[PDB]
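Trainee: run-v4.csv is reproduced below (CSV, N, CA, C and O atoms and all ligand atoms).
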chain,number,residue,atom,x,y,z
D,348,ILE,N,-32.6,8.8,8.3
D,348,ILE,CA,-31.7,9.7,7.5
D,348,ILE,C,-30.4,8.9,7.2
D,348,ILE,O,-29.7,8.5,8.1
D,349,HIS,N,-30.1,8.7,5.9
D,349,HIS,CA,-29.0,7.8,5.5
D,349,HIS,C,-27.9,8.6,4.9
D,349,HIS,O,-28.1,9.5,4.0
D,350,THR,N,-26.7,8.4,5.4
D,350,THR,CA,-25.5,8.9,4.8
D,350,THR,C,-24.9,7.8,3.8
D,350,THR,O,-24.5,6.8,4.2
D,351,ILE,N,-25.1,8.0,2.5
D,351,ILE,CA,-24.6,7.1,1.5
D,351,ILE,C,-23.2,7.4,1.1
D,351,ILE,O,-23.0,8.5,0.5
D,352,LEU,N,-22.3,6.5,1.4
D,352,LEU,CA,-20.9,6.7,1.0
D,352,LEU,C,-20.6,5.7,-0.2
D,352,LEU,O,-21.0,4.5,-0.1
D,353,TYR,N,-19.8,6.1,-1.2
D,353,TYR,CA,-19.4,5.3,-2.3
D,353,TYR,C,-17.9,5.4,-2.5
D,353,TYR,O,-17.4,6.5,-2.4
D,354,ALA,N,-17.3,4.3,-2.8
D,354,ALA,CA,-15.9,4.2,-3.2
D,354,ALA,C,-15.8,3.1,-4.3
D,354,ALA,O,-16.3,2.0,-4.1
D,355,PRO,N,-15.2,3.4,-5.5
D,355,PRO,CA,-14.8,2.3,-6.5
D,355,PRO,C,-13.9,1.3,-5.9
D,355,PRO,O,-14.1,0.1,-6.3
D,356,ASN,N,-13.0,1.6,-5.0
D,356,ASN,CA,-12.1,0.7,-4.3
D,356,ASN,C,-12.3,0.8,-2.8
D,356,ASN,O,-12.3,1.9,-2.2
D,357,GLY,N,-12.6,-0.4,-2.1
D,357,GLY,CA,-12.9,-0.4,-0.7
D,357,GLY,C,-14.3,0.2,-0.4
D,357,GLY,O,-15.3,0.0,-1.1
D,358,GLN,N,-14.4,0.9,0.8
D,358,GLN,CA,-15.7,1.5,1.2
D,358,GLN,C,-15.6,2.9,1.8
D,358,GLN,O,-16.5,3.7,1.5
D,359,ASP,N,-14.6,3.2,2.6
D,359,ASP,CA,-14.5,4.4,3.4
D,359,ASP,C,-13.8,5.5,2.5
D,359,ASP,O,-13.6,5.3,1.3
D,360,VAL,N,-13.5,6.7,3.1
D,360,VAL,CA,-12.6,7.7,2.6
D,360,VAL,C,-11.4,7.0,2.0
D,360,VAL,O,-10.8,6.2,2.7
D,361,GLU,N,-10.9,7.5,0.9
D,361,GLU,CA,-9.7,7.0,0.3
D,361,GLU,C,-8.6,8.1,0.4
D,361,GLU,O,-8.8,9.1,-0.3
D,362,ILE,N,-7.6,8.0,1.3
D,362,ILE,CA,-6.6,8.9,1.5
D,362,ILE,C,-5.3,8.3,1.1
D,362,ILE,O,-4.9,7.2,1.7
D,363,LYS,N,-4.5,8.8,0.2
D,363,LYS,CA,-3.2,8.3,-0.2
D,363,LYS,C,-2.1,9.4,-0.3
D,363,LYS,O,-2.4,10.5,-0.8
D,364,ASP,N,-1.0,9.0,0.2
D,364,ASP,CA,0.3,9.7,-0.1
D,364,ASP,C,0.9,9.1,-1.4
D,364,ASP,O,0.8,7.9,-1.6
D,365,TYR,N,1.5,9.9,-2.2
D,365,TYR,CA,2.3,9.5,-3.4
D,365,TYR,C,3.5,10.4,-3.5
D,365,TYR,O,3.5,11.6,-3.1
D,366,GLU,N,4.6,9.9,-4.2
D,366,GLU,CA,5.8,10.7,-4.4
D,366,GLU,C,6.0,11.0,-5.9
D,366,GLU,O,5.8,10.1,-6.7
D,367,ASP,N,6.3,12.2,-6.2
D,367,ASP,CA,6.7,12.7,-7.5
D,367,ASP,C,8.3,12.7,-7.5
D,367,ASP,O,8.9,13.6,-6.9
D,368,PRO,N,8.9,11.7,-8.1
D,368,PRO,CA,10.4,11.7,-8.2
D,368,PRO,C,11.0,12.6,-9.2
D,368,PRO,O,12.2,12.7,-9.3
D,369,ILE,N,10.2,13.2,-10.1
D,369,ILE,CA,10.6,14.2,-11.0
D,369,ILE,C,10.7,15.6,-10.3
D,369,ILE,O,11.6,16.4,-10.7
D,370,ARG,N,9.9,15.8,-9.3
D,370,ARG,CA,9.9,17.1,-8.6
D,370,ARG,C,10.3,17.1,-7.1
D,370,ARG,O,10.5,18.1,-6.5
D,371,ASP,N,10.5,15.8,-6.5
D,371,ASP,CA,10.8,15.6,-5.1
D,371,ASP,C,9.7,16.2,-4.2
D,371,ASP,O,10.0,17.0,-3.3
D,372,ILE,N,8.4,15.8,-4.5
D,372,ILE,CA,7.3,16.3,-3.7
D,372,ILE,C,6.5,15.0,-3.3
D,372,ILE,O,6.2,14.1,-4.1
D,373,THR,N,6.0,15.0,-2.0
D,373,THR,CA,5.0,14.1,-1.6
D,373,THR,C,3.7,14.8,-1.7
D,373,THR,O,3.5,15.9,-1.2
D,374,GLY,N,2.7,14.2,-2.4
D,374,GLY,CA,1.3,14.7,-2.4
D,374,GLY,C,0.5,13.8,-1.5
D,374,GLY,O,0.7,12.6,-1.5
D,375,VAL,N,-0.4,14.4,-0.7
D,375,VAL,CA,-1.4,13.7,0.1
D,375,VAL,C,-2.8,14.1,-0.5
D,375,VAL,O,-3.1,15.3,-0.4
D,376,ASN,N,-3.5,13.1,-1.0
D,376,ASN,CA,-4.8,13.4,-1.6
D,376,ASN,C,-5.9,12.6,-0.9
D,376,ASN,O,-5.7,11.4,-0.6
D,377,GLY,N,-7.0,13.2,-0.7
D,377,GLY,CA,-8.2,12.5,-0.2
D,377,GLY,C,-9.4,12.7,-1.1
D,377,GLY,O,-9.6,13.8,-1.7
D,378,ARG,N,-10.2,11.6,-1.2
D,378,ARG,CA,-11.4,11.6,-2.0
D,378,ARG,C,-12.5,10.8,-1.3
D,378,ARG,O,-12.1,9.8,-0.5
D,379,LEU,N,-13.7,11.1,-1.6
D,379,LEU,CA,-14.8,10.3,-1.1
D,379,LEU,C,-16.0,10.7,-2.0
D,379,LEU,O,-16.1,11.9,-2.4
D,380,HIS,N,-17.0,9.8,-2.3
D,380,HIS,CA,-18.2,10.2,-2.9
D,380,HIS,C,-19.3,10.0,-1.8
D,380,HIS,O,-19.4,9.0,-1.2
D,381,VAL,N,-20.1,11.1,-1.6
D,381,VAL,CA,-21.1,11.1,-0.6
D,381,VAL,C,-22.4,11.7,-1.0
D,381,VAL,O,-22.4,12.7,-1.8
D,382,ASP,N,-23.5,11.2,-0.5
D,382,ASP,CA,-24.8,11.9,-0.5
D,382,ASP,C,-25.6,11.6,0.7
D,382,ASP,O,-25.2,10.6,1.4
D,383,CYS,N,-26.6,12.4,1.1
D,383,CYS,CA,-27.4,12.1,2.2
D,383,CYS,C,-28.8,12.3,1.9
D,383,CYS,O,-29.2,13.2,1.2
D,384,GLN,N,-29.7,11.3,2.3
D,384,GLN,CA,-31.1,11.3,1.9
D,384,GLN,C,-31.9,10.8,3.1
D,384,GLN,O,-31.6,9.8,3.7
D,385,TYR,N,-33.1,11.4,3.3
D,385,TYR,CA,-34.1,10.8,4.1
D,385,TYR,C,-34.8,9.6,3.4
D,385,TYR,O,-35.1,9.7,2.3
D,386,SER,N,-35.0,8.5,4.2
D,386,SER,CA,-36.1,7.6,3.8
D,386,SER,C,-37.5,8.0,4.2
D,386,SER,O,-38.4,7.7,3.5
D,387,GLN,N,-37.6,8.7,5.4
D,387,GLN,CA,-38.8,9.2,5.8
D,387,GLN,C,-38.6,10.6,6.5
D,387,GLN,O,-38.3,10.7,7.6
D,388,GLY,N,-38.7,11.7,5.7
D,388,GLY,CA,-38.6,13.0,6.1
D,388,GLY,C,-39.6,13.4,7.2
D,388,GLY,O,-39.3,14.3,8.0
D,389,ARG,N,-40.7,12.7,7.2
D,389,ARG,CA,-41.7,12.9,8.3
D,389,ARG,C,-41.2,12.5,9.7
D,389,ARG,O,-41.6,13.0,10.7
D,390,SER,N,-40.1,11.7,9.7
D,390,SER,CA,-39.5,11.2,11.0
D,390,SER,C,-38.6,12.3,11.6
D,390,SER,O,-37.9,12.0,12.5
D,391,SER,N,-38.5,13.5,11.0
D,391,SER,CA,-37.7,14.6,11.6
D,391,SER,C,-38.5,15.9,11.7
D,391,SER,O,-39.3,16.2,10.8
D,392,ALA,N,-38.3,16.6,12.8
D,392,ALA,CA,-38.9,17.9,13.0
D,392,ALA,C,-37.8,18.9,13.3
D,392,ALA,O,-36.9,18.7,14.1
D,393,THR,N,-37.8,20.1,12.6
D,393,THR,CA,-36.9,21.1,12.8
D,393,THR,C,-37.4,22.0,13.9
D,393,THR,O,-38.6,22.2,14.0
D,394,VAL,N,-36.5,22.7,14.7
D,394,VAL,CA,-36.9,23.7,15.6
D,394,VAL,C,-36.5,25.1,15.0
D,394,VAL,O,-35.4,25.3,14.7
D,395,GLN,N,-37.5,26.0,15.0
D,395,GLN,CA,-37.3,27.3,14.2
D,395,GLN,C,-37.5,28.4,15.2
D,395,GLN,O,-38.4,28.4,16.0
D,396,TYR,N,-36.6,29.4,15.1
D,396,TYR,CA,-36.6,30.6,15.9
D,396,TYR,C,-37.7,31.6,15.5
D,396,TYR,O,-37.8,31.9,14.3
P,150,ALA,N,30.1,5.7,-25.5
P,150,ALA,CA,29.3,6.6,-24.7
P,150,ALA,C,29.8,8.0,-24.7
P,150,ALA,O,31.0,8.3,-24.8
P,151,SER,N,28.9,9.0,-24.5
P,151,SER,CA,29.3,10.4,-24.3
P,151,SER,C,30.1,10.6,-23.0
P,151,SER,O,29.9,9.9,-22.1
P,152,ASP,N,30.9,11.7,-23.0
P,152,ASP,CA,31.6,12.1,-21.8
P,152,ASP,C,30.8,12.3,-20.6
P,152,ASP,O,29.6,12.7,-20.6
P,153,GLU,N,31.4,12.2,-19.4
P,153,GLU,CA,30.8,12.7,-18.1
P,153,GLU,C,30.5,14.2,-18.3
P,153,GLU,O,31.4,15.0,-18.8
P,154,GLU,N,29.4,14.6,-17.8
P,154,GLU,CA,29.0,16.0,-17.6
P,154,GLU,C,28.8,16.4,-16.2
P,154,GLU,O,29.2,15.7,-15.3
P,155,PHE,N,28.1,17.6,-15.9
P,155,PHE,CA,27.8,18.1,-14.6
P,155,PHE,C,26.3,18.2,-14.4
P,155,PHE,O,25.6,18.6,-15.3
P,156,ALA,N,25.9,17.9,-13.2
P,156,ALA,CA,24.5,18.2,-12.7
P,156,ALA,C,24.3,19.7,-12.8
P,156,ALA,O,25.3,20.5,-12.9
P,157,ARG,N,23.1,20.2,-12.6
P,157,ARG,CA,22.8,21.6,-12.6
P,157,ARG,C,22.1,22.0,-11.3
P,157,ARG,O,21.4,21.2,-10.7
P,158,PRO,N,22.3,23.2,-10.8
P,158,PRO,CA,21.5,23.7,-9.6
P,158,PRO,C,20.1,23.9,-9.9
P,158,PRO,O,19.7,24.4,-11.0
P,159,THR,N,19.2,23.4,-9.0
P,159,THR,CA,17.8,23.2,-9.2
P,159,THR,C,17.0,23.8,-8.1
P,159,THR,O,17.3,23.6,-6.9
P,160,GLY,N,15.9,24.5,-8.4
P,160,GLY,CA,14.9,25.0,-7.3
P,160,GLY,C,14.2,23.9,-6.6
P,160,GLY,O,14.0,22.8,-7.1
P,161,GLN,N,13.7,24.2,-5.4
P,161,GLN,CA,13.0,23.2,-4.6
P,161,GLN,C,11.6,22.9,-5.2
P,161,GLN,O,10.9,23.8,-5.4
P,162,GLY,N,11.3,21.6,-5.4
P,162,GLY,CA,10.0,21.3,-6.0
P,162,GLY,C,10.0,21.4,-7.5
P,162,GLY,O,9.0,21.1,-8.2
P,163,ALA,N,11.1,21.8,-8.2
P,163,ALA,CA,11.2,22.0,-9.6
P,163,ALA,C,11.5,20.7,-10.4
P,163,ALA,O,12.1,19.8,-9.8
P,164,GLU,N,11.0,20.6,-11.6
P,164,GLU,CA,11.2,19.4,-12.5
P,164,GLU,C,12.8,19.2,-12.7
P,164,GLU,O,13.5,20.1,-13.1
P,165,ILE,N,13.2,18.0,-12.4
P,165,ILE,CA,14.6,17.6,-12.8
P,165,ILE,C,14.6,17.4,-14.3
P,165,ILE,O,13.8,16.6,-14.8
P,166,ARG,N,15.6,18.0,-14.9
P,166,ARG,CA,15.7,18.0,-16.4
P,166,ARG,C,16.5,16.8,-16.9
P,166,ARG,O,17.5,16.4,-16.2
P,167,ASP,N,16.2,16.3,-18.1
P,167,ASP,CA,16.9,15.2,-18.7
P,167,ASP,C,18.2,15.6,-19.4
P,167,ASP,O,18.2,16.5,-20.2
P,168,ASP,N,19.2,14.8,-19.1
P,168,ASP,CA,20.5,14.9,-19.8
P,168,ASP,C,21.1,13.5,-19.8
P,168,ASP,O,22.2,13.3,-19.2
P,169,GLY,N,20.4,12.6,-20.5
P,169,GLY,CA,20.8,11.2,-20.5
P,169,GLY,C,22.0,10.9,-21.3
P,169,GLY,O,22.5,11.7,-22.1
P,170,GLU,N,22.5,9.7,-21.1
P,170,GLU,CA,23.7,9.2,-21.9
P,170,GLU,C,23.3,9.1,-23.4
P,170,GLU,O,22.3,8.4,-23.7
P,171,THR,N,24.1,9.7,-24.3
P,171,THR,CA,23.9,9.6,-25.7
P,171,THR,C,25.1,8.9,-26.3
P,171,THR,O,26.2,8.9,-25.7
P,172,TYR,N,24.9,8.1,-27.4
P,172,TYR,CA,25.9,7.2,-27.9
P,172,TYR,C,26.2,7.5,-29.4
P,172,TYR,O,25.4,8.1,-30.1
P,173,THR,N,27.4,7.1,-29.8
P,173,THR,CA,27.8,7.1,-31.2
P,173,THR,C,28.5,5.8,-31.5
P,173,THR,O,28.6,4.9,-30.6
P,174,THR,N,29.2,5.6,-32.6
P,174,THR,CA,30.0,4.4,-32.9
P,174,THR,C,31.3,4.7,-33.6
P,174,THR,O,31.4,5.7,-34.2
P,175,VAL,N,32.2,3.8,-33.4
P,175,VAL,CA,33.4,3.7,-34.3
P,175,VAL,C,33.2,2.5,-35.1
P,175,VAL,O,33.0,1.4,-34.6
P,176,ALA,N,33.2,2.7,-36.5
P,176,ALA,CA,33.1,1.5,-37.4
P,176,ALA,C,34.4,0.8,-37.4
P,176,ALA,O,35.5,1.4,-37.5
P,177,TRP,N,34.4,-0.5,-37.5
P,177,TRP,CA,35.6,-1.3,-37.9
P,177,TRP,C,35.3,-1.9,-39.3
P,177,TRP,O,34.1,-2.3,-39.6
P,178,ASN,N,36.3,-1.9,-40.2
P,178,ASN,CA,36.3,-2.9,-41.2
P,178,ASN,C,37.3,-4.0,-40.8
P,178,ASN,O,37.6,-4.0,-39.6
P,179,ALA,N,37.7,-4.9,-41.6
P,179,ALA,CA,38.8,-5.8,-41.3
P,179,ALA,C,39.4,-6.3,-42.6
P,179,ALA,O,38.8,-7.0,-43.4
P,180,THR,N,40.6,-5.7,-42.9
P,180,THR,CA,41.2,-6.0,-44.2
P,180,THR,C,41.9,-7.4,-44.1
P,180,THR,O,42.6,-7.7,-43.1
P,181,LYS,N,41.8,-8.2,-45.1
P,181,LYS,CA,42.5,-9.5,-45.2
P,181,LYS,C,44.0,-9.3,-45.5
P,181,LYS,O,44.3,-8.9,-46.6
P,182,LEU,N,44.8,-9.5,-44.6
P,182,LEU,CA,46.3,-9.6,-44.8
P,182,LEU,C,46.6,-11.1,-45.2
P,182,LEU,O,46.1,-12.0,-44.5
P,183,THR,N,47.4,-11.3,-46.2
P,183,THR,CA,47.8,-12.6,-46.7
P,183,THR,C,49.3,-12.7,-47.0
P,183,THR,O,49.9,-11.7,-47.4
P,184,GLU,N,49.8,-13.9,-46.8
P,184,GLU,CA,51.2,-14.2,-47.1
P,184,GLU,C,51.3,-15.6,-47.6
P,184,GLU,O,50.6,-16.5,-47.0
P,185,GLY,N,52.1,-16.0,-48.5
P,185,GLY,CA,52.2,-17.3,-49.0
P,185,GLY,C,53.6,-17.7,-49.4
P,185,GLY,O,54.4,-16.8,-49.7
P,186,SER,N,53.9,-19.0,-49.5
P,186,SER,CA,55.2,-19.5,-50.0
P,186,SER,C,55.0,-20.9,-50.5
P,186,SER,O,54.1,-21.6,-50.0
P,187,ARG,N,55.9,-21.4,-51.4
P,187,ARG,CA,55.8,-22.7,-52.0
P,187,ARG,C,57.2,-23.3,-51.9
P,187,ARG,O,58.2,-22.6,-52.2
P,188,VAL,N,57.3,-24.6,-51.6
P,188,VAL,CA,58.5,-25.4,-51.6
P,188,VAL,C,58.3,-26.7,-52.3
P,188,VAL,O,57.3,-27.4,-52.2
P,189,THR,N,59.3,-27.0,-53.2
P,189,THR,CA,59.2,-28.3,-54.0
P,189,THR,C,59.5,-29.5,-53.1
P,189,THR,O,60.4,-29.4,-52.3
P,190,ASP,N,58.8,-30.6,-53.3
P,190,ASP,CA,58.9,-31.8,-52.4
P,190,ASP,C,60.4,-32.3,-52.4
P,190,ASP,O,60.9,-32.8,-51.4
P,191,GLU,N,61.1,-32.3,-53.6
P,191,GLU,CA,62.5,-32.6,-53.7
P,191,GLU,C,63.3,-31.8,-52.7
P,191,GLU,O,64.3,-32.4,-52.1
P,192,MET,N,63.1,-30.5,-52.5
P,192,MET,CA,63.9,-29.7,-51.6
P,192,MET,C,63.5,-29.8,-50.2
P,192,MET,O,64.3,-29.7,-49.3
P,193,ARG,N,62.2,-30.0,-49.9
P,193,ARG,CA,61.7,-30.3,-48.6
P,193,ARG,C,62.5,-31.5,-48.0
P,193,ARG,O,62.9,-31.5,-46.8
P,194,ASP,N,62.8,-32.5,-48.8
P,194,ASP,CA,63.7,-33.6,-48.4
P,194,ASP,C,65.1,-33.2,-48.3
P,194,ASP,O,65.7,-33.4,-47.2
P,195,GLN,N,65.7,-32.6,-49.3
P,195,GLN,CA,67.2,-32.5,-49.4
P,195,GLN,C,67.8,-31.5,-48.5
P,195,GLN,O,69.0,-31.7,-48.0
P,196,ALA,N,67.1,-30.4,-48.1
P,196,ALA,CA,67.7,-29.4,-47.2
P,196,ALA,C,68.1,-29.9,-45.9
P,196,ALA,O,67.4,-30.7,-45.3
P,197,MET,N,69.2,-29.3,-45.3
P,197,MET,CA,69.7,-29.6,-44.0
P,197,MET,C,68.8,-29.0,-42.8
P,197,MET,O,69.2,-29.1,-41.7
P,198,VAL,N,67.7,-28.4,-43.1
P,198,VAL,CA,66.8,-27.7,-42.2
P,198,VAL,C,65.4,-27.9,-42.7
P,198,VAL,O,65.1,-28.1,-43.9
D,401,MG,MG,24.7,19.5,-16.9
D,402,MG,MG,24.5,17.0,-21.4
Please re-express this file's structure in structure tokens.
Ligand SMILES: [Mg+2]
Ligand SMILES: [Mg+2]
Mentor:
Amino acid sequence: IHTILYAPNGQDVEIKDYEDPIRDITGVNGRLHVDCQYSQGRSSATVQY
Amino acid sequence: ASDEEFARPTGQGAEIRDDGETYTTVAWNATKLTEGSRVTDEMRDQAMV
């Protein structure tokens, strides 16, 4: 089971603070591109009630 | 340059408004002032001054 992470810059989560000097605000923004996929779904069993 | 003005009271996180320096000019001309005189070579010699 693969967690595929993508970033145009670097590899991990991209979290940045920035300042708006027109409004006197710090923004903190986070982004990430993610998907999750089995290579072999047969390799997992769910337990059901 | 334009005269000194005053800042304005502003809400927190609100856009700071533009009131930049504005300019004008004073034109100069420059008029030619002239003055002249002539002295005869005979009197350039003869005068006591
Ligand atoms: Mg003002
Ligand atoms: Mg003004």
Trainee: Which value, in Å to one decimal, gives the distance between CA of residue 389 in chain D and CA of residue 351 in chain D?
Mentor: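 That distance, rounded to one decimal, is 19.3 Å.
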Trainee: Could you please tell me, as a ChimeraX atom specification, which residues of chain P have an atom within 8 Å of chain D when using all atoms listed in the file?
Mentor: /P:160-166
Trainee: List as a VMD selection string the protein and nucleic acid residues near residue 352 in chain D, meaning an atom at most 6 Å away when only N, CA, C and O atoms are counted, but skip any in the same chain fewer than 5 places from it.
Mentor: chain D and resid 358 380 to 382
Trainee: With N, CA, C and O atoms kept, could you save the residues just selected as a short mmCIF file (atom, residue, chain, number, x, y, z; two decimals), in the coordinates of the input?
Mentor:
data_model
loop_
_atom_site.label_atom_id
_atom_site.label_comp_id
_atom_site.auth_asym_id
_atom_site.auth_seq_id
_atom_site.Cartn_x
_atom_site.Cartn_y
_atom_site.Cartn_z
N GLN D 358 -14.40 0.90 0.80
CA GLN D 358 -15.70 1.50 1.20
C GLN D 358 -15.60 2.90 1.80
O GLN D 358 -16.50 3.70 1.50
N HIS D 380 -17.00 9.80 -2.30
CA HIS D 380 -18.20 10.20 -2.90
C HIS D 380 -19.30 10.00 -1.80
O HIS D 380 -19.40 9.00 -1.20
N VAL D 381 -20.10 11.10 -1.60
CA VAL D 381 -21.10 11.10 -0.60
C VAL D 381 -22.40 11.70 -1.00
O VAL D 381 -22.40 12.70 -1.80
N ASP D 382 -23.50 11.20 -0.50
CA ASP D 382 -24.80 11.90 -0.50
C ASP D 382 -25.60 11.60 0.70
O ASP D 382 -25.20 10.60 1.40
#
Trainee: Kindly compile the residues surrounding ligand MG 401 (chain D) within 10 Å, counting only C-alpha atoms and all ligand atoms, and format them as a PyMOL selection string.
Mentor: chain P and resi 153-158+166-169
Trainee: If you run DSSP on the backbone, which residues of chain P are helix (DSSP H, G or I), as a VMD selection string?
Mentor: chain P and resid 190 to 195
Trainee: Restricting the calculation to only N, CA, C and O atoms and all ligand atoms: of P:159, P:182, P:198, P:171, which residue gets closest to ligand MG 402 (chain D)?
Mentor: P:171
Trainee: In Å, rounded to a single decimal, give me how far atom C of residue 151 in chain P is from atom C of residue 172 in chain P.
Mentor: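 Taking atom C of residue 172 in chain P as the start and atom C of residue 151 in chain P as the end point, the length is 8.1 Å.
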Trainee: State, in Å with one decimal place, the distance from atom O of residue 384 in chain D to atom N of residue 360 in chain D.
Mentor: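 Value for the atom O of residue 384 in chain D-atom N of residue 360 in chain D distance: 18.4 Å.
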